[PDB]
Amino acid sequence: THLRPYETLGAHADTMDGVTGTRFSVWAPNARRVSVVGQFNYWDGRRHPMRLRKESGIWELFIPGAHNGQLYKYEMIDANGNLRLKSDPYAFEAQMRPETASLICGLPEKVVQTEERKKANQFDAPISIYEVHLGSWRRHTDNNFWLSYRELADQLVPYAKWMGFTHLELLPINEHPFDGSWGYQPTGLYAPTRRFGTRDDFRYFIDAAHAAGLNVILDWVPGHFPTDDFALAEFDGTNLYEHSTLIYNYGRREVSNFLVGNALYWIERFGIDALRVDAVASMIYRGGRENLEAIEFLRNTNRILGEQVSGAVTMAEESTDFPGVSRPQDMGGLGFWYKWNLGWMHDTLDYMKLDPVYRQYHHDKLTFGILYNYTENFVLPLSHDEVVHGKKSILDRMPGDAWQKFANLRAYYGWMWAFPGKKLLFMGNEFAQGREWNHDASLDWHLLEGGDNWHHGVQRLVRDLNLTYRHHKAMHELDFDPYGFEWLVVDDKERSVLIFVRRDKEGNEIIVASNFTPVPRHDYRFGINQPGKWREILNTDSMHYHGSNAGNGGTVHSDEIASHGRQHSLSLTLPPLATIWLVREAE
């Protein structure tokens, strides 16, 4: 069992014959002697030296009297012959920047994954993710301070739950030194950032999300090698972890254990339910373009998780059309369960950006997503990458005056939530923030203060979209099966009306129709598959969302009148810049 190196390396409480303390391990094959320097030592590297094992390269020692809560470090003389005070690379807890000293804590008890949390991860479940940067979601008013893990527990959790999300997704909670990396430049892979409290506080947070029936996804960064505070480079005077631009040595067997351990750790000692790997492209590129050993790392890691912690899943963002990212290793490979649908994000946003008068020439931007839908298990993501650095907010991409911007954005969420593939939405998007995301400030919650306005409208819509999406299997059962989606009207470019059906395993279908110009369509007849009585269950133009409240205003019965190659049809009102969903009424 060499998969969980965190259960042996680093600081672990133990008792050597009646006397208790903590036994330290590391791993610096070369090094040149290493001692342990903590609060128990008066910080003196002459009192405690460590005995090196030759085969494993691990220096070890059992200090009695040294207890949980005490800072410590490693004083080593490196291959070159230099004085170094290194941070434990298996630090489960670190100190407030500035800026290193590891802390003596052990391992959290350990979380058995529940059946219901496993069910929530499956390809047939509704999965709607709220993506959040913990340092910019909310702040206290007086002082602009972070909310702690426990405060986030009282506030972020009840909020995402009420908004009807199934998953919470966190930007990296890796200890990281600069708020500006957003957590993507780590220096302590096994310690939750101290920014928001203790590691037990982080754990309580996760327990609370679960108690509310949310799954939790963690951004995992085994692909960004540490580059700050000399935290991991030339560990023992040699290129222990990196290579001869700093990039992990996924080939060396102990580096691999390190990274795979890290995954098993989050999932097993915190109960994390899934992990997301960013920038997969820059892990596998730069023997062909490909970095063969990096590809193997991911295949392997996925296999190991699939075997060790089945029920947990992995997702990936990969920026080139690398085949089979979310397909099994015996074949394509990589072996992720889910892939970010970046192509969709770009196509649909480019579509929404157009002056509606020009949408008739870019219809392919909305239809195209179906052609490659069954090549990958997709998540439709409106993530943090899309609302920084001059890209604008999602709202601000929309054309026209304010009332047309909101309407476009409503119609789009309508479409997004009905279109095959899971859902991801970055905080602030749900209430249509105007400004870009600022990791250095709270979101613009002041937009929701005072009388009911257009921002509340969207927030209500997103909630109703989640709850409605979760209620009806057709919207979510068969994302990844051709049977789950079928065009009713794919070729109305000249009016920019698009209509499809979603379908569950039992063959029940929901009709989804979108009108992407501001011209209301009345008596719009299209062919259908299940004749009978149809009723709106969702309408982005409802006054409940500050729409004009146009629509069908009741049950509508189909006619036996051929249309679009079908024998029966519906003749509906399609509100301007809106999408609606209809269900069939039992008789």
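Throughout, we count residues from 1 along the sequence that is shown.
Asker: Thinking of the other compared PDB entries, is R286 one of those residues unmodelled in at least a third of them?
Answerer: Yes.
Asker: I want to verify a possible break: how many residues of the deposited sequence sit between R253 and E254 without any coordinates (none, 1 to 3, 4 to 9, 10 or more)?
Answerer: Nothing is missing between them.
Asker: So 502-510 or 193-201, which one's hotter by mean CA B-factor in the entry?
Answerer: The stretch with the larger average C-alpha B-factor is 193-201.
Asker: Mind pulling up the entry and telling me whether 353-361 or 313-321 has the higher mean Cα temperature factor?
Answerer: Between 313-321 and 353-361, it is 313-321 that shows the higher mean C-alpha B-factor.
Asker: Which has the highest CA B-factor per the PDB entry: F526, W43, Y545, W534?
Answerer: Among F526, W43, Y545, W534, the PDB entry lists the largest C-alpha B-factor for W43.
Asker: Determine which member of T348, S87, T468, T375 has the highest CA B-factor, using the values in the deposited entry.
Answerer: Max CA B-factor in the entry, restricted to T348, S87, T468, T375: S87.
Asker: For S569, does the deposited CA B-factor place it in the lowest, middle or highest third of the chain?
Answerer: For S569, whose C-alpha B-factor we compare with every modelled residue in the chain, the answer is the lowest third.
Asker: Against its chain's modelled residues, does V26's Cα B factor rank lowest, middle or highest third?
Answerer: Answer is highest: the recorded C-alpha B-factor places it there.
Asker: C-alpha B factor of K73, ranked within the chain: lowest, middle or highest third?
Answerer: Highest third of the chain for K73's C-alpha B-factor.
Asker: By its CA B factor, does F92 count among the lowest, middle or highest third of the modelled residues in the chain?
Answerer: Within its chain, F92 is a highest-third residue by C-alpha B-factor, going by the deposited values.
Asker: Classify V519 as lowest, middle or highest third according to the C-alpha B-factor given in the PDB entry, relative to its own chain.
Answerer: Its C-alpha B-factor belongs to the lowest third of this chain's values.
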